[PDB]
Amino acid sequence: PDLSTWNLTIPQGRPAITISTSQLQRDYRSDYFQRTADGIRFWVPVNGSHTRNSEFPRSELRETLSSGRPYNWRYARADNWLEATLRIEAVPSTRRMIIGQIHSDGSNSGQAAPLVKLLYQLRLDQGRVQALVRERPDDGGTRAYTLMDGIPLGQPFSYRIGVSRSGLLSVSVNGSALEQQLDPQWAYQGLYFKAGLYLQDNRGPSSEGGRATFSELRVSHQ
């Protein structure tokens, strides 16, 4: 996958370090992020470090300009899409983790919160992917929609998250989708894509954590 348009936050350093787009391009490799024959391999130990405003570790990409500068866009400028193919290889005790998001920069709202978070949850031996969407930028909560179930560890699945230039939010897994016209307050918020592994668990042995390989990861604003 093309890493030209991403920078990466890892679960090491206190607070957590953000690897620049430049450093990422120079074939950066570590236990937390590796370019493999199967794509990009993410790994986040449950006891890894956290960003200054979060309580959970992550090895997650954040959208940027090729210059490494954070890229926040308003949907009206074009058709925005994030497309991925991945397989979950390991999960933490809580058995859930964020695998993708459309986050808000909070430039024109009281908070910087995600518009949508894709959550993978392994229940026993079958994993399901839920889309947690918040109706308005300042909302305190989100609504969960199960897009797909029956995805065991190792089984590849695809997902796509996007917002049309007219404001139509589209979220899907294996093609199973949910479409929603965005509330007008979203039209003037800076939005950005994220992909990787963001845990929602922070306790356990170093041997515990989340792991996944993305065989496909494309971002486009056409």
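Position 1 is the first residue in the sequence shown; the rest follow in order.
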Take the C-alpha B-factors listed in the entry for 52 to 60 and for 165 to 173, compute each mean, and give the stretch with the larger one.
52 to 60
For the higher mean C-alpha B factor in the entry, choose 32 to 40 or 150 to 158.
32 to 40
Can you pull the Cα B-factors for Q23, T9, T213, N202 from the entry and say which is highest?
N202
Quiz for you: based on the deposited Cα B-factor, which of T85, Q121, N80, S107 is highest?
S107
Lowest, middle or highest third - CA B-factor, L191:
middle
With respect to C-alpha B-factor, does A90 fall in the lowest, middle or highest third of the chain as deposited?
middle
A131 - Cα temperature factor, lowest/middle/highest third of chain
lowest
Assigned third (lowest, middle, highest) for the C-alpha B factor of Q111:
highest
Ordered by C-alpha B-factor within the chain, which third holds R143? Give me lowest, middle or highest, please.
middle
